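Everything below concerns the one structure shown next.
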Amino acid sequence: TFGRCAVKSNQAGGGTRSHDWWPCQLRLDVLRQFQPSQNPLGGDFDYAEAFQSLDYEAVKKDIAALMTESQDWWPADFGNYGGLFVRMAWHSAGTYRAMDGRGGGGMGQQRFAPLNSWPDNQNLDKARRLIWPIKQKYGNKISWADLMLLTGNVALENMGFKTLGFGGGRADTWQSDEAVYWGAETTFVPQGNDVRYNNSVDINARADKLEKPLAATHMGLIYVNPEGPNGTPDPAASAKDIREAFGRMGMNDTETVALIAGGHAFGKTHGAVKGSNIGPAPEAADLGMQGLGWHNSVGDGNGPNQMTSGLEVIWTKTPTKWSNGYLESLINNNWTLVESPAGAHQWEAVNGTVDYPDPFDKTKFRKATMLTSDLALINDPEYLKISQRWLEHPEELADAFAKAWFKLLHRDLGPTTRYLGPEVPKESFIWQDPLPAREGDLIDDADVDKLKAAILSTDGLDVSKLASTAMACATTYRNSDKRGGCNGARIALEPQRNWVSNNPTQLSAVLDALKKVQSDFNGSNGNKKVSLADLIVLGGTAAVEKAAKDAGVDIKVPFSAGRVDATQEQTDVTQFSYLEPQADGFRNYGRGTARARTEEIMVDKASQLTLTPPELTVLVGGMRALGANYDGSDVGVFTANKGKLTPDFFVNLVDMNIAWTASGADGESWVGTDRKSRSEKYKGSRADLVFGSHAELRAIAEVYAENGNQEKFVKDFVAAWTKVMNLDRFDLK
Amino acid sequence: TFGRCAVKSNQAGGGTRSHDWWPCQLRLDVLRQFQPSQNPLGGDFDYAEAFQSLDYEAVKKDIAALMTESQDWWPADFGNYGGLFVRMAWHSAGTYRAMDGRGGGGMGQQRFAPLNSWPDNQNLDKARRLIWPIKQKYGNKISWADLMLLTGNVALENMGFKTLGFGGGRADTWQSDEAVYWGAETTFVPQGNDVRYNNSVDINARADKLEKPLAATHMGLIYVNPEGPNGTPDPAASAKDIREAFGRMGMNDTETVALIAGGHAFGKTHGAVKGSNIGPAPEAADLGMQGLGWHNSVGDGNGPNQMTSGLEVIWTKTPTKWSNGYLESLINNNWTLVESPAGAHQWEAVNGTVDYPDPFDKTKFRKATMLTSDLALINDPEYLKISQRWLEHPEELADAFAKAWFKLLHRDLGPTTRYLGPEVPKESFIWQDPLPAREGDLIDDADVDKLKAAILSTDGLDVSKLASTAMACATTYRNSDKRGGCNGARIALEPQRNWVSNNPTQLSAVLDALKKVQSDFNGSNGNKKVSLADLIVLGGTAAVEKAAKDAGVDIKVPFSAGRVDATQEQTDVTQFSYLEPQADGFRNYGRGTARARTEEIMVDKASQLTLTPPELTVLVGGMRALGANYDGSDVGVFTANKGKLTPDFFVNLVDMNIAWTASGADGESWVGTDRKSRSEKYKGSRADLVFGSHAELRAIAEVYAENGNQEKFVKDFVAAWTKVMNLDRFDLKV
Ligand SMILES: [O-]
Ligand SMILES: [O-]
């Protein structure tokens, strides 16, 4: 019954489906998302151009104005929506996970399932509805993704906290991103965590054993449970969860305290009535609710009766104005465990001052309150030291919060060249994976011709090695947070240069050779200078062009110059460790895990490269024809003409005279035996054989194996190659 | 456990998904299938042009050669793959359901999940693999879809049965079609039918009560259970299932007997070993099986050990040659209930001649055998009569089978204009929804302009009625079997002219007016003559152009002339009754039911029109702005400028000063109240309000509600309108 509707529809996809019958079969769904035809703006819409015509200052003025314009259907606390909007922006950005690069605010996914209906996003449907008139006014020139985050940024500034600035540039998306692994639990918070803790309920011991790559302690939360681990009001244990979850989001102790203390300077929580008065979340609500949810049946369901988290906490005596009241209260008050009106665990200063304002009655006041997760910051040795320091030096908190908030909002925006608008901060931050300005003058087509010829006749280089090295550098790209790719030549830097998947001894030889080509050019062409990054890509691109020529297809393989070389200082080894692949199908590297088969990892990577199923397929077949395995092995190299760009991989894979059988106990190695001669002809991996097994992939393999499609194979390969090589080229108009 | 993998992947979409949390929510998946980017051949690939250059006669010669080239990994019965190939083609075409027009061979879906792994398609994985070398040889110039069916047709002809011919033209598809309702059961045959019989197990009584629109008696079967209903070997009850299932596939008694007796002239069934020796179906098999499944562990798992259905029946004494041996055996033997080697029910003539050949030993023979489903044909009064007649007059069987086989293979290919190749049958058949040749010279641009002006100045025609009538005509199109659309002007004929969803009183007046425009033009413009079909579409098109102009936008609204007018004799009432909508979101007609909500019907219809979510959304919004409801109501007409092409529907739908509340008990009617003034402002349906509720549809509604997107709205509406009006224009070169 979980995951099943009581009524079984017989239209619009209703009925038992293929994935119901064979739920373990590989699915290509993630390669069919975000298709141009599904984008109502058109596949060629240029968001950056639209945003640059925007009257940016006017937009912020209108956002600031709205914050104190209370709407009767959801009245503003203290006459100011600032706190609500800060929470909106924080939750949009706060799903980010540094290791796999998923979540974050960069696609505006809060407006779709499942995030629109996660328990932790309760009543943010109201927040999004409040800013819709600004979206309506400025139309396509500001995206929902940008607007949600800008609104929080403007809210901070119009409550007295000056930020570092802001960058736009997040293009909207148009369907739910069903590629994200949020977890395998079949419940939400307050449950939703048996799997991610492997059934452990030892809250201290389990804290640092949260399932990778997850960054929240329950399904449906942003980071942690405000009532403590599994609702246990133990601040010390909560601190361990906080460190774990924020750490998984790429934040350290100082950033973590800064974000929590900075954030909870503002607004309040809502727990005025018990949960049984609350209707279905937006995805489960009736048509009349028109995209909203959590309808509250008590009174008008809003204002004094607001119910969001079940807690009723006001952190400071001025919830609409920046202060040091959070840390002053946290440290100077004595705290007692009490119940909120909705029955949740929170803390109160029962003998403290009665001067915390009521959000709808200026004559009424309350005592100081805190969450268990707030008390965490003084019930951990390291957090306590930071809290103590900043109590005395609030300007240090302000500095750290400005920096951490900027990071939170922009971590997944990608390279600096993507950041739009007139107040992009000038400081270059390590988490932006920064790139320098170019050296010298840009190479032209004559220089490219000369360089191709040199590269293809240089000691230590050949077609196989060049193609492999270029693809290895390219596939670090991931579209979720726009990290990685060939720009920067980071394969030449730590940690990539010593990744086992890069065959470091071969790689050093390849890079030394390309550096020699670079030195020869840069010492002798006036002010023209070429980057190693461009040479890596140009080398692989020249290799592909020659391989095509050798296969009997004359094609001009495009090349876009202008990449620059990152420094090691700009390339944090821990940050880049997150891009290291477990397996890579393009170069026949690696093995799957207990939770993910080799071919599943390949489809996941393909989705991160924005590839369609035909693009994935053509690239694998071509890489095999080129002999481009990471180790130079013959696994999957089903051709007698290694280095020629033929569709032999496909032709031989589907040759029924070859019988395929398991060799390794682990399911990863396969042998292809000629059924006539009974001799072993080939060795294959799961990345190879999936193309002859999965019915949709095999349909594509057949196309390339068909007589007459040799030129088509080359044209398609070259298109896909170009696309992959240029994924990070946001510097190009 | 059902529908859940034991290992929970954390890659490639692994993890709990939105549809798991909210499984009753409307899904737009069916509007995101078959997108050009997913097609390895490219969006601009023209299969018709590729097929035109095909060496068709050479393909048939190669298929014929293959039939007797036995491959050691799947040895041919009697040294001839003919029977297997006929079954392959029959199963490819045999999933068709007349009521919704889904299934059939026209998309080549047998090669994808779920059809590649249905129990009834066991070992057709081998059949498809056998023909791959021909596909490899001819490349893009013949589709898998055409090849599977052509192979069956060529197999018949080489085994001595001359067919009527064949038409190509089925472009391949590239992903599983997850829009088809094959049933709600969570099991396959031998189970897979509790839902479709509403838990009835009375096999004779329930036979005519099969859940609509289904056309098989268990999930995973083509039509019926060869062992009898629920595996009960009763031929009389089997006959009632056969009538029901084939009737649901658009075949009558004569056609049914012809196909069954015609098909079972050839080959044999396979039931040599117990099912326990058979491994996973293709979608569940390991990588080494390379797309095949049902691996049989006895011996080499093939030849004498073949196990497909569990039955071991050879119908005739010459299974590789056309004969009347099937009806002779059926009627002239006495039958006793026996068990096959796999333990399944079948029938044998235990006193009969021992002269039915063994498939791998030319010296060994067996007695005659039949399936329970074969005995059905002499255990029903009507079938028995046809059977006895054709025993005596096998030439009548031959004629009926040629016609029924041609129909089976081509029923979902659409208009005759789509049929390709050198042996397209010359006879025009009713199930092809035939159209006449055009009358007169084709109207030109100047004529079109003159006709638009005449239409718009004709009493009784206005923008709302013209747009409504054109869309009512167009949305009969369904891409699954390529039926319906504006060509033919069938809205003027029975049954469409009487559809309550077409507002027959109003429609009659609109058509009379268009007929006046036609009369005035035809005979006053030399040899140029215009059809009523073109006038209906041109009228709507003129209306849209006028509505745009009245909204301040001068836009070309393209028009493609050349439609013809069908006759009533070319327009079958039964066939066309299957296109009658129960709800229509474009014109705010009708409603859904428990199992198909109003908005679900709309999305299903959109899928059949090949619409994307933005295209569906823009069309609904524009129809409302035009006041184009079927009955001229104001339901959903959220505009003070009805008849002007504006995005008002969206603007007003998302206006937070309007509060929406249910008016009726069934959740189909909604009232929109101005929160300040407290007055009722609007009435809305579920088709209206879903665009402000569903998060993905609302995201699109917002685009068209945004200040600055007015011109974009008009451009997108006109593009979508043009698309829908032209869906059936296979006569025009792409
Ligand atoms: O929060
Ligand atoms: O069959």
Side-chain angles (χ1 to χ4, degrees), chain A residues 90 94 96-99 120 189 193 196-197 200-212 214-218 221-265 269 309 311 313 315-316 324-338 344-349 368-394 396-401 403-405 407-408 574:
Chain A
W90 150 237
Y96 183 76
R97 309 109 61 98
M99 291 165 169
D120 224 3
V189 63
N193 67 4
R196 70 192 58 209
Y197 288 115
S200 179
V201 292
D202 289 319
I203 59 176
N204 279 304
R206 79 184 191 179
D208 68 352
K209 301 177 180 52
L210 181 65
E211 181 187 354
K212 290 180 281 285
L214 307 178
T217 60
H218 300 247
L221 293 176
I222 304 302
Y223 297 121
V224 310
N225 187 325
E227 293 187 86
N230 276 21
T232 307
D234 195 87
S238 190
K240 290 181 186 271
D241 276 358
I242 288 168
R243 180 166 287 108
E244 180 69 9
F246 275 81
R248 289 280 173 83
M249 305 217 161
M251 299 292 186
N252 66 25
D253 288 353
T254 59
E255 291 167 325
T256 297
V257 177
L259 288 168
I260 295 165
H264 291 174
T269 80
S309 61
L311 303 138
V313 164
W315 296 282
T316 79
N324 206 30
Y326 179 87
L327 288 180
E328 287 288 350
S329 168
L330 191 50
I331 288 158
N332 293 322
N333 282 309
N334 296 299
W335 298 110
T336 313
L337 184 58
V338 299
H345 292 303
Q346 58 183 47
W347 301 81
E348 188 177 0
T369 44
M370 280 286 164
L371 306 165
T372 298
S373 52
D374 294 314
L375 299 208
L377 305 193
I378 56 165
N379 283 279
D380 170 86
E382 288 299 304
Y383 293 150
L384 178 56
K385 286 193 302 200
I386 296 160
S387 292
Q388 288 174 323
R389 174 70 192 173
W390 291 347
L391 180 62
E392 309 310 333
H393 300 276
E396 295 181 3
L397 163 59
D399 175 74
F401 178 51
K403 289 179 171 169
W405 176 260
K407 181 175 170 180
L408 168 72
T574 297

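In what follows, chains are A, B, ... by sequence order, proteins preceding strands, each numbered from 1.
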So, do A:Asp202 and A:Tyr197 sit near enough that their side-chain heavy atoms are less than 4.5 Å apart?
-> no
Under a 4.5 Å cut-off applied to non-hydrogen side-chain atoms, are A:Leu408 and A:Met251 in contact?
->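 A side-chain contact under 4.5 Å exists here.
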State whether the side chain of A:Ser329 and the backbone N or O of A:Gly325 hold a donor-acceptor pair below 3.5 Å, judged by distance alone.
->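 No, A:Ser329 side chain to A:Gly325 backbone: no donor-acceptor pair under 3.5 Å.
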Does any N or O in the side chain of A:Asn225 come within less than 3.5 Å of the main-chain N or O of A:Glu227, such that one atom is a donor and the other an acceptor?
-> yes
What side-chain donor-acceptor pairs closer than 3.5 Å can you find for residues 205-212 of chain A, not counting sequence neighbours?
residue, atom, partner, partner atom, Å
A:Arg206, NH1, A:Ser200, O, 2.9
A:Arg206, NH2, A:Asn230, OD1, 2.9
A:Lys209, NZ, A:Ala205, O, 2.9
A:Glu211, OE2, A:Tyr181, OH, 2.6
A:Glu211, OE2, A:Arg595, NH1, 2.9

Pairing residues for [X] by the side-chain contact (heavy atoms from CB on, under 4.5 Å) criterion, not counting sequence neighbours:
{"X": "A:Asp374", "value": "A:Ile260, A:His264, A:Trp315, A:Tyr326, A:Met370, A:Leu371"}
{"X": "A:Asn204", "value": "A:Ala237, A:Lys240"}
{"X": "A:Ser309", "value": "A:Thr269, A:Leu311"}
{"X": "A:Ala265", "value": "A:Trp322"}

Decide yes or no on side-chain contact (heavy atoms from CB on, under 4.5 Å) for A:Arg243 and A:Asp253, but give the supporting numbers first.
-> CA-CA 7 Å; A:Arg243 180 166 287 108; A:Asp253 288 353; 2.9 Å; yes
By side-chain hydrogen bond (donor to acceptor under 3.5 Å, both in side chains), which residues pair with [X], not counting sequence neighbours?
{"X": "A:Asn252", "value": "A:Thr254"}
{"X": "A:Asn332", "value": "A:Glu328"}
{"X": "A:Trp347", "value": "A:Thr372"}

Salt bridge (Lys or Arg N to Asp or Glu O under 4.0 Å) partners for [X], two or more places apart:
{"X": "A:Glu255", "result": "A:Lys407"}
{"X": "A:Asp399", "result": "A:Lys403"}
{"X": "A:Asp234", "result": "none"}
{"X": "A:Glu244", "result": "A:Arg248"}

Chi angles and distances behind the side-chain contact (heavy atoms from CB on, under 4.5 Å) call for A:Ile331, A:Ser387 | CA-CA 8 Å; A:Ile331 288 158; A:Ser387 292; 4.3 Å; yes
Can you tell me how far the CG atom of A:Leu327 sits from the CG atom of A:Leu391, to the nearest 0.5 Å?
-> 6.0 Å
Might you work through the side-chain contact (heavy atoms from CB on, under 4.5 Å) test for A:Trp335 and A:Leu330, ending with a clear yes or no?
-> CA-CA 9 Å; A:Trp335 298 110; A:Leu330 191 50; 4.3 Å; yes
With side-chain contact (heavy atoms from CB on, under 4.5 Å) as the test, would you mind laying out the steps for A:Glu348 and A:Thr369 before giving the verdict?
-> CA-CA 4 Å; A:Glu348 188 177 0; A:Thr369 44; 4.1 Å; yes
